[PDB]
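Chains as they are written, first to last, in the entry's author numbering: chain 2, 2 to 98; chain V, 51 to 100; chain W, 2 to 50.
Built from N, CA and C at the ideal position, the CB exists for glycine as well.
Okay, so here's the structure we're looking at.
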Amino acid sequence: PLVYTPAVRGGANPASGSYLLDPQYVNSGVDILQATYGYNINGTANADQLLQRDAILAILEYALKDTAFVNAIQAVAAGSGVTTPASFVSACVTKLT
Amino acid sequence: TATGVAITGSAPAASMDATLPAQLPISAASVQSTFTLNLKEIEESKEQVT
Amino acid sequence: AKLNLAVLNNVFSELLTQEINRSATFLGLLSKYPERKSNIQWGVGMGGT
Numbered sequence: 002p003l004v005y006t007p008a009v010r011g012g013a014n015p016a017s018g019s020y021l022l023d024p025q026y027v028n029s030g031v032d033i034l035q036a037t038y039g040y041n042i043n044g045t046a047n048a049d050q051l052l053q054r055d056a057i058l059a060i061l062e063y064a065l066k067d068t069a070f071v072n073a074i075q076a077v078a079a080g081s082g083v084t085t086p087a088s089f090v091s092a093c094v095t096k097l098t
Numbered sequence: 051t052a053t054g055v056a057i058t059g060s061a062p063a064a065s066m067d068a069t070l071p072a073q074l075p076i077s078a079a080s081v082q083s084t085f086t087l088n089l090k091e092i093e094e095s096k097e098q099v100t
Numbered sequence: 002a003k004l005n006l007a008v009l010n011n012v013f014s015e016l017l018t019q020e021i022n023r024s025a026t027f028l029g030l031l032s033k034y035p036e037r038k039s040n041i042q043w044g045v046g047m048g049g050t
């Protein structure tokens, strides 16, 4: 149940294959991002890979620009068992289940 | 119609203009008049009228 | 006319009149350009010194 569209205005599904992320300002302050995003390069998809891509662009267009998601990912990094940041990414998974 | 489609997309639906007739009839009626003069009046009014 | 009653033909005059407004006025003065590239990238300068 999710109806995401690529959030740049006139560049939703490019024929070149290189969806260019618009630059956005990430700390709510001081840092620009300037990503791109290349489409299908090791196959196409198996109908799960249309849905995981549907949320990778959701966490990258709307979430890092947001000023309340970045505070909630800050409070995970202040947990008393979060070092060597492959345990950081596995501690927020237990939050997200 | 000229809609918007993606580059790697299929062709849109069909579209074509239209022309219409008018039919404007001319056979119903006839504006007419009658006056019915006599045969003595056309002769006597050639002298009685100045 | 009972003879010429069903042997009549319709002989439309050469008077087709166009009654639609297909005018691209604002497009006709925008100083068009070609662009064979993915997207135009220019740089705007704000300031802050």
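Is the beta carbon of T37 (chain 2) less than 7 Å from the beta carbon of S17 (chain 2)?
Result no, Cβ atoms of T37 (chain 2) and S17 (chain 2) do not sit closer than 7 Å.
Determine, using beta carbons only, whether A59 (chain 2) and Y5 (chain 2) come nearer to each other than 7 Å.
Contact: yes.
Is there contact here, the segment 56 to 65 of chain V with the segment 64 to 78 of chain 2, by at least three beta-carbon pairs under 8 Å?
Too few Cβ pairs lie closer than 8 Å, so no.
Span separating the alpha-carbon of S39 (chain W) from that of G30 (chain 2)
The straight-line gap separating the alpha-carbon atoms of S39 (chain W) and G30 (chain 2) is approximately 29 Å.
Can you list, in chain order, the residues of the segment 16 to 43 of chain 2 whose Cβ is nearer than 8 Å to any Cβ on chain A?
Going by chain labels, chain A is absent from the structure shown, which instead holds the protein chains 2, V and W.
DSSP beta-bridge partners of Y38 (chain 2)
Residue pairing of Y38 (chain 2) in beta bridges, as defined by DSSP: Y20 (chain 2).
For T95 (chain 2), the first and last residue of its enclosing alpha helix (DSSP H):
For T95 (chain 2), the enclosing alpha helix (DSSP H) has its first and last residue at 89 to 96.
Can you tell me which of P71 (chain V), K96 (chain V), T53 (chain V), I76 (chain V) puts its alpha carbon nearest to the alpha carbon of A64 (chain V)?
Cα-wise, what sits closest to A64 (chain V) is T53 (chain V).
Given that a residue counts as buried once 16 or more other Cβ atoms are within 10 Å of its Cβ, and exposed if not, what is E62 (chain 2)?
Flag for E62 (chain 2) reads buried.
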